[PDB]
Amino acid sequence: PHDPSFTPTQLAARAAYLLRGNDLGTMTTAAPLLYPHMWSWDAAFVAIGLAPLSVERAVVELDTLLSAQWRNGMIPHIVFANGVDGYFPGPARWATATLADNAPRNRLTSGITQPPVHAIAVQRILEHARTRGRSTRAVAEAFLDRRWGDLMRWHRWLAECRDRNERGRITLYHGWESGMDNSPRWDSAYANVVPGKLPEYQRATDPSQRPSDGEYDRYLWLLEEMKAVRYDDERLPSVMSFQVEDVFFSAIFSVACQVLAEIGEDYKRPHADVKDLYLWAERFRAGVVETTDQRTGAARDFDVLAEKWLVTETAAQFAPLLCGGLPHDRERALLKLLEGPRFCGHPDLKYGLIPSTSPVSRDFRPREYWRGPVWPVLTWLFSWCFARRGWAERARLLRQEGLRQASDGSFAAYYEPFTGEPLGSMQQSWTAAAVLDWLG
């Protein structure tokens, strides 16, 4: 009635209740009905949410994902659950099991990748484990013995196969790989995707957050282009109608390289690996900074086919705040943009949180996935990265507004920015995980 919010203990309990309800055994669904499989960067957040509940089970989540890693190091963005068909495109449509030389042998997966937040999840598991007993430390340390090499091959695949020209930015061949499927970031690149003869498909709820058929036809056509060259890394530059450098993905990778490097020093991993990681951390920091607006510090994506900077007003333009590297004066301008009336300081926002697209941008749509709504997962990543920059009060304020928004217990993936209405899929594992990590 008068107050529908949960207390912190009720909220923590309900978040943990959801995470365990979404557990199929050794993988956690991204969401029970919409996304009934393991998604890659969701699984990293799930591992973060499991760490305060069970270090052993958090480690199992990353083990399951890394058992689906391709032979070339790519972590695919979906690991399908042995039995479920309530999602399209499914294993039959990707056909990676038959076409992809590098596909894993006892897992069904997609053929594209997703942001490398995984090292951040490894850090959170290790921080939790060190506060628990010796036996919990041993569990976390055995995971590192077993999976350090796999984590290196993941970072190396990105550094070498998605940055072939050592520009320090990650090339994507599908908007799905950015994690922000329908971000205005990718509109002009998608306008240059022309579907050919497209195999007959079905569907993949509220229309104001319902794909868009023309948009979805383009998503599926990129799959056809990859399948035609059997997912061969070497051929994709020649055939893909979509080739972008993702500056937000690149900044995340810079941070992840630095985090994994620090892990490798703390746990006496090979010196040559730690050196490679610090090298990539700096290269991708510099590649992010090279994209930035000279007055505001805002980061731009790059259309590799058109050879054009992509100027849009989304949360991705704050990529440099995550990895650092801007000159002092430009970073102050960028923080001013973040806090001002185009983003967190917009007067109609219910919470002091980062909308996915600026409310004043012409591309803004308050209900439409990444075109405006506030995503707890982005709140979490900015808060954690800000605390790492030393901006304790900034990170605290994001956490506090994030908890206030989450306190209805809907665990929605994203929220209407002006009304706070929970939108889209409820029961989203990574929102439960963000809440659990914040509540401590």
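From 1 onward, residues are counted along the sequence shown.
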{"property": "Where residue 204 meets residue 205 in the shown sequence, the number of deposited residues left unmodelled", "result": "4 to 9"}
{"property": "Higher-B stretch (mean Cα B-factor, as the entry records it), 266-274 or 190-198", "result": "190-198"}
{"property": "Higher-scoring stretch by recorded Cα B factor average, 78-86 or 163-171", "result": "78-86"}
{"property": "Residue selected from 367, 283, 156, 147 by maximal Cα B factor", "result": "367"}
{"property": "Of the residues 246, 127, 331, 233, the one carrying the largest Cα B-factor as recorded", "result": "233"}
{"property": "Lowest, middle or highest third - CA B-factor, residue 250", "result": "lowest"}
{"property": "B-factor third for the C-alpha atom of residue 358 within its chain", "result": "lowest"}
{"property": "Ranked C-alpha temperature factor of residue 179 among modelled chain residues, by third", "result": "middle"}
{"property": "Residue 22 CA temperature factor, ranked by third within the chain", "result": "middle"}
{"property": "Assigned third (lowest, middle, highest) for the C-alpha B factor of residue 31", "result": "middle"}
